[PDB]
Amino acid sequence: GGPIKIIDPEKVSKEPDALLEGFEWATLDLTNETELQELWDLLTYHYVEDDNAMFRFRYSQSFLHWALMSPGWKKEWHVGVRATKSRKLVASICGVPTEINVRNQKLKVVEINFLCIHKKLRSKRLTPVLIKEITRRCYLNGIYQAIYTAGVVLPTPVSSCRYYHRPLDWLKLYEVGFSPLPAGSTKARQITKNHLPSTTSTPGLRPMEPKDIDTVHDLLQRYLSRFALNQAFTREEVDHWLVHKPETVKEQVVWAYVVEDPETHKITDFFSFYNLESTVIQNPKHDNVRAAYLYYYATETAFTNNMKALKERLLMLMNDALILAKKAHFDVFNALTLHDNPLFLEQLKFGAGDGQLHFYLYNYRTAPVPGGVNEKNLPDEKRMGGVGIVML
């Protein structure tokens, strides 16, 4: 396990490659609100859909601000293509820097995201061109490896994880065609199945505060060390990725909650989730699915390696996260089979999803890592330990 090739810094081109006639390269400045608007305009109509063209991801402008201007960010890695005459933004590809651990080798990488071509420009082989240009921009800045996820199979996947969905407002989900009504059942019976308590159960549960950063940083790092592939968080990354700033962010995107032990007052667990809507492409009575996605978490209980005790602790914590998300008006709680999630998905009534996320490394070779599923693509507790990075 190691890099595939060494990039010769002396030979990185200062000029980008040629584009389709009528189009030109443009760095995006997402500090300019009109440019953030442009990116949002493009993703809102042209980003990731299911196969039935029912749903499209609808990242908010707030989410994009948050996802793309994280610690160590560079505008140079926010790449646009525009039409030369009208100036219209027609494609994008983006990165932000982070460090990852790949089987206890630490690597400086770009996370690549928000690859997007306007529907009218599809099937013209612009993707490889986008990919080559961001690669060039990264090489110039001293970064030679990447990580990304996609829902399509490409060469040499590192892992593969299945999406799971816990209805919070079952009837909303049923009405937009997201959740089916099985079959021998009724609306009343699905609502009953999905009922949650009105209050949380874990003692000392409260929202995270800025004062919690150093302890959450420590516990998260220890927790994530238990996975072959994981994100190697810095303290700035804990602040950015976990601690909502209501002063400065009007439309909250991240929620995080800690458990302050009632006896010792040390934080013993935490969990977090983020706000990511999908647009309901063509439905009478609703227009959006308001999803919360489980993000990072950690529990002291993990380090006993009592798998029994770990499941019990995660059942309570995750049910609390469901309750908190319902309380914040989310329709669905979404999670993948990564981390230790196969311990709690099926019992907390998450339904298996159609979507799958495939994980890839650029210019780094490593053995595959388990992604929390077996050969039937069902959660498996003996197939965890592999993926400990959640990309947005």
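Residue indices: 1-based, along the sequence shown. Each form is matched to the other, and the largest set of C-alpha atoms that superpose within 1.5 Å is called the rigid core.
- Here 329 to 337 and 52 to 60 are scored by the root mean square distance of their C-alpha atoms in 8 other deposited structures of this protein, with each structure fitted by the rigid core; the higher score goes to 52 to 60.
- Comparing 255 to 263 with 184 to 192 in 8 other deposited structures of this protein, after superposition on the rigid core, the stretch with the greater RMS C-alpha deviation is 184 to 192.
- Taking only CA atoms, the mean B-factor in the PDB entry is higher for 371 to 379 than for the other of 20 to 28 and 371 to 379.
- Across the two stretches, 85 to 93 and 171 to 179, the PDB entry reports the greater mean Cα temperature factor for 171 to 179.
- When the C-alpha B-factors of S198, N101, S272, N113 are read from the PDB record, the largest value belongs to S198.
- In this entry, the residue among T234, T156, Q145, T127 with the greatest C-alpha B factor is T156.
- When all modelled residues of the chain are sorted by CA temperature factor, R136 is found within the lowest third.
- Ranked by C-alpha B-factor against the other modelled residues of its chain, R206 falls in the lowest third.
- Sort the chain's modelled residues by C-alpha temperature factor and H118 lands in the lowest third, per the entry.
- For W73, the recorded CA temperature factor ranks within the middle third of the chain's modelled residues.
- Among all modelled residues in this chain, the alpha-carbon of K327 has a temperature factor (C-alpha) in the highest third.
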